[PDB]
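Asks:
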Amino acid sequence: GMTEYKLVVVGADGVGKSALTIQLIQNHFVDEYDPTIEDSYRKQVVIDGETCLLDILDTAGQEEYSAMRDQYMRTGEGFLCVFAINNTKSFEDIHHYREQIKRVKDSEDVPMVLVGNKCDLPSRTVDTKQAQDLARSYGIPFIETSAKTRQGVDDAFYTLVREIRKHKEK
Ligand SMILES: Nc1nc2c(-c3c(Cl)cc4c(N5C[C@H]6CC[C@@H](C5)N6)nc(OC[C@@]56CCCN5C[C@H](F)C6)nc4c3F)ccc(F)c2s1
Ligand SMILES: Nc1nc2c(ncn2[C@@H]2O[C@H](COP(=O)(O)OP(=O)(O)O)[C@@H](O)[C@H]2O)c(=O)[nH]1
Ligand SMILES: [Mg+2]
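Encoded structure:
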């Protein structure tokens, strides 16, 4: 039987969470996917010889901290924390997203990858060095992506799968 991985994509509105998820599932860039739709998407992919069923939650909508929302987010096994390289605020919000994940998982060691999206744009405001220094302080990988060109998309999701797999085999 295939191994199921529950991945959750988090980050500020408009950073490219939906475009990244759709690039992984469908291999095409979808410009302007409904900013309000939160949904889960499935992809069967073989990673390092293992047949994986990736169940990916693309977050959207209201910020809320109910017992239900916490319980739901806690089911995630690994998290992509996404910011956009042309939106400093989205990068500044990363500490918040990481803290919410650590809080509901009750752990300092949650599989996580920091993703700096929209690297195809020339309007960079978040330096690569500042972002990689933050990932280094967290002990997690940092991958720059472009959902528009597909650059780094497989690397970001498959690195997260490998982090979850490593966590389960400890
Ligand atoms: N209950 C649990 N939730 C979570 C979350 C979670 C989710 Cl799912 C949504 C939002 C969210 N939304 C989802 C998408 C993107 C933006 C918008 C609202 N639409 N927004 C904010 O923060 C937004 C800001 C601005 C206003 C005040 N906040 C604090 C900072 F200033 C940043 N955090 C969110 C968040 F952390 C993540 C991981 C977990 F494990 C848990 S557990
Ligand atoms: N140039 C560029 N635009 C992108 C990229 N990813 C997403 N976008 C655009 O940025 C906007 C927000 O993307 P979206 O996927 O809806 O982000 P979400 O709100 O995090 O789900 C849309 O206009 C997307 O088409 C990317 O890598 N490069
Ligand atoms: Mg979206």
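With my numbering, you'll find the sequence shown wraps up at 1093, consecutive numbering, no jumps. For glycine and all other residues, C-beta sits at the position ideal for the given N, C-alpha and C.
Grab me the residues of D1078's own chain with a C-beta within less than 8 Å of its C-beta, minus the 5 sequence neighbours each way, in chain order.
Replies: Here the set comprises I1066, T1068.
Asks: First and last residue of the beta strand (DSSP E) that includes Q994?
Replies: It is not in any beta strand (DSSP E) - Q994 instead sits in the alpha helix (DSSP H) that spans 990–997.
Asks: For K940, report the span of its beta strand (DSSP E) as first-last.
Replies: Unbroken run through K940 is the alpha helix (DSSP H), 940–949; no beta strand (DSSP E).
Asks: According to DSSP, which residues form a beta bridge with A1007?
Replies: Answer is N1040.
Asks: Hey, could you find the ends of the beta strand (DSSP E) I960 is sitting in?
Replies: No beta strand (DSSP E) holds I960; DSSP gives it neither H nor E.
Asks: Using the Cβ count rule (16 or more neighbours within 10 Å means buried), how would you classify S1060?
Replies: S1060 comes out exposed.
Asks: If I measure Cβ to Cβ from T974 and keep anything under 6 Å in the same chain, skipping five residues before and after, which residues do I get?
Replies: Counting only Cβ-Cβ distances below 6 Å, and skipping sequence neighbours, we find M925.
Asks: Opposite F1065 in the DSSP bridges: which residues?
Replies: Its beta-bridge partners are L1037.
Asks: Where the beta carbon is closer than 5 Å to any heavy atom of ligand 1, which residues qualify, in chain order?
Replies: Those residues are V933, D936, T982, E986, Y988, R992, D993, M996, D1016, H1019, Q1023, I1024, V1027, given in chain order.
Asks: Does at least one heavy atom of ligand 3 sit under 8 Å from the Cβ of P958?
Replies: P958 Cβ: within cutoff of ligand 3.
Asks: Can you find the residues in the same chain that come closer than 7 Å, C-beta to C-beta, to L1057, ignoring five residues on each side of it along the sequence?
Replies: For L1057, where only same-chain residues beyond five positions count, the Cβ hits under 7 Å are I1017, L1037.
Asks: Return helix, strand or coil for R1085, following the three-state DSSP convention.
Replies: Helix, per DSSP.
Asks: Would the region 1020–1039 count as touching the region 947–966 if we require 3 or more Cβ pairs under 8 Å?
Replies: No contact exists between the region 1020–1039 and the region 947–966.
Asks: Under DSSP, the alpha helix (DSSP H) around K1028 begins and ends at which residues?
Replies: 1017–1028 is the extent of the alpha helix (DSSP H) around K1028.
Asks: Counting Cβ pairs, one atom from each stretch, are 3 or more of them under 8 Å apart for the region 1037–1048 and the region 968–984?
Replies: Short answer: they don't touch.
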